[PDB]
Amino acid sequence: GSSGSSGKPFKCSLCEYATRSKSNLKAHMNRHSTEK
Ligand SMILES: [Zn+2]
């Protein structure tokens, strides 16, 4: 759907990775270090 689709608080500017918890994203961002 493309109507009132509540997004997310933290959305990685690198990829389409997003999570409601900052603690989670913090771990994902790390992946953006090796072979990237
Ligand atoms: Zn990312």
# chains A, B, ... in the order shown; residues from 1 in each chain; ligands from 1
$ select_by_dssp --residues "chain A" --states "helix (DSSP H, G or I)" --output "PyMOL selection string"
chain A and resi 22-31
$ closest_atom_pairs --of "chain A" --to "ligand 1" --cutoff "6 Å" --atoms "only C-alpha atoms and all ligand atoms" --output "CSV"
residue,atom,partner,partner_atom_place_in_ligand_line,distance
A:12,CA,ligand 1,1 (Zn),4.7
A:14,CA,ligand 1,1 (Zn),4.7
A:15,CA,ligand 1,1 (Zn),4.0
A:17,CA,ligand 1,1 (Zn),5.1
A:29,CA,ligand 1,1 (Zn),5.6
$ atom_distance --atom1 "atom CA of residue A:3" --atom2 "atom CA of residue A:22"
25.1 Å
$ residues_around --residues "stretch 7-9 of chain A" --least-positions-apart "6" --cutoff "12 Å" --atoms "only C-alpha atoms" --output "ChimeraX atom specification"
/A:16-25
$ decode --residues "chain A" --atoms "N, CA and C atoms" --output "tab-separated table (two decimals), in the first residue's frame"
chain	number	residue	atom	x	y	z
A	1	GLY	N	0.81	-1.21	0.00
A	1	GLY	CA	0.00	0.00	0.00
A	1	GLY	C	0.84	1.26	0.00
A	2	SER	N	0.29	2.34	-0.54
A	2	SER	CA	1.00	3.61	-0.61
A	2	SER	C	0.16	4.73	0.00
A	3	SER	N	-0.48	4.44	1.12
A	3	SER	CA	-1.31	5.42	1.81
A	3	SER	C	-1.13	5.34	3.32
A	4	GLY	N	-0.83	6.48	3.93
A	4	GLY	CA	-0.63	6.52	5.37
A	4	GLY	C	0.18	5.34	5.87
A	5	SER	N	1.24	4.99	5.15
A	5	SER	CA	2.09	3.87	5.53
A	5	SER	C	3.16	4.31	6.51
A	6	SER	N	2.79	4.39	7.79
A	6	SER	CA	3.73	4.80	8.83
A	6	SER	C	5.12	4.23	8.57
A	7	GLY	N	6.10	5.11	8.46
A	7	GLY	CA	7.47	4.67	8.22
A	7	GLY	C	8.13	4.13	9.47
A	8	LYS	N	9.38	4.53	9.69
A	8	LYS	CA	10.13	4.09	10.86
A	8	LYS	C	10.97	5.23	11.43
A	9	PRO	N	11.35	5.10	12.71
A	9	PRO	CA	12.16	6.10	13.40
A	9	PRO	C	13.59	6.16	12.87
A	10	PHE	N	14.21	4.99	12.71
A	10	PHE	CA	15.57	4.90	12.22
A	10	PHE	C	15.62	4.16	10.89
A	11	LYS	N	15.97	4.87	9.83
A	11	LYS	CA	16.06	4.28	8.50
A	11	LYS	C	17.45	4.49	7.90
A	12	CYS	N	18.23	3.42	7.83
A	12	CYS	CA	19.58	3.50	7.28
A	12	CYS	C	19.58	4.27	5.96
A	13	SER	N	20.39	5.32	5.90
A	13	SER	CA	20.49	6.14	4.70
A	13	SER	C	21.23	5.40	3.59
A	14	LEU	N	21.96	4.36	3.97
A	14	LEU	CA	22.72	3.56	3.01
A	14	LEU	C	21.80	2.62	2.24
A	15	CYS	N	21.08	1.77	2.97
A	15	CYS	CA	20.16	0.82	2.36
A	15	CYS	C	18.74	1.04	2.86
A	16	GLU	N	17.83	0.16	2.45
A	16	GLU	CA	16.43	0.27	2.85
A	16	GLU	C	16.19	-0.44	4.18
A	17	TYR	N	17.24	-0.51	5.00
A	17	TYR	CA	17.14	-1.16	6.30
A	17	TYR	C	16.64	-0.19	7.36
A	18	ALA	N	15.55	-0.57	8.03
A	18	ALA	CA	14.97	0.26	9.07
A	18	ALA	C	14.46	-0.58	10.23
A	19	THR	N	14.46	0.00	11.43
A	19	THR	CA	14.00	-0.70	12.62
A	19	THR	C	13.45	0.27	13.65
A	20	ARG	N	12.48	-0.19	14.44
A	20	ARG	CA	11.86	0.64	15.46
A	20	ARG	C	12.80	0.83	16.65
A	21	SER	N	13.79	-0.06	16.76
A	21	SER	CA	14.75	0.00	17.85
A	21	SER	C	16.12	0.44	17.34
A	22	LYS	N	16.67	1.48	17.95
A	22	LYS	CA	17.98	2.00	17.56
A	22	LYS	C	19.08	0.99	17.89
A	23	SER	N	18.84	0.16	18.89
A	23	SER	CA	19.81	-0.85	19.31
A	23	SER	C	20.04	-1.86	18.20
A	24	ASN	N	19.00	-2.13	17.42
A	24	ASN	CA	19.09	-3.09	16.32
A	24	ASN	C	19.87	-2.51	15.16
A	25	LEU	N	19.44	-1.34	14.68
A	25	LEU	CA	20.10	-0.68	13.56
A	25	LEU	C	21.60	-0.53	13.83
A	26	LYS	N	21.94	-0.13	15.05
A	26	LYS	CA	23.33	0.05	15.44
A	26	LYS	C	24.17	-1.17	15.04
A	27	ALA	N	23.58	-2.35	15.16
A	27	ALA	CA	24.26	-3.59	14.81
A	27	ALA	C	24.34	-3.76	13.29
A	28	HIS	N	23.29	-3.33	12.60
A	28	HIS	CA	23.24	-3.44	11.15
A	28	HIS	C	24.26	-2.51	10.49
A	29	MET	N	24.27	-1.26	10.93
A	29	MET	CA	25.20	-0.27	10.39
A	29	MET	C	26.61	-0.84	10.31
A	30	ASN	N	26.97	-1.64	11.31
A	30	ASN	CA	28.30	-2.25	11.36
A	30	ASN	C	28.59	-3.02	10.07
A	31	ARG	N	27.59	-3.73	9.57
A	31	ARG	CA	27.73	-4.51	8.35
A	31	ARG	C	28.23	-3.64	7.20
A	32	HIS	N	27.96	-2.34	7.30
A	32	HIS	CA	28.38	-1.40	6.27
A	32	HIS	C	29.83	-0.96	6.48
A	33	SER	N	30.70	-1.93	6.73
A	33	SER	CA	32.11	-1.65	6.96
A	33	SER	C	32.99	-2.57	6.11
A	34	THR	N	32.69	-3.86	6.14
A	34	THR	CA	33.45	-4.84	5.38
A	34	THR	C	32.82	-5.10	4.02
A	35	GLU	N	33.65	-5.38	3.03
A	35	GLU	CA	33.17	-5.65	1.68
A	35	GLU	C	32.06	-4.67	1.30
A	36	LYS	N	32.15	-3.45	1.81
A	36	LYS	CA	31.15	-2.43	1.53
A	36	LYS	C	31.76	-1.03	1.60
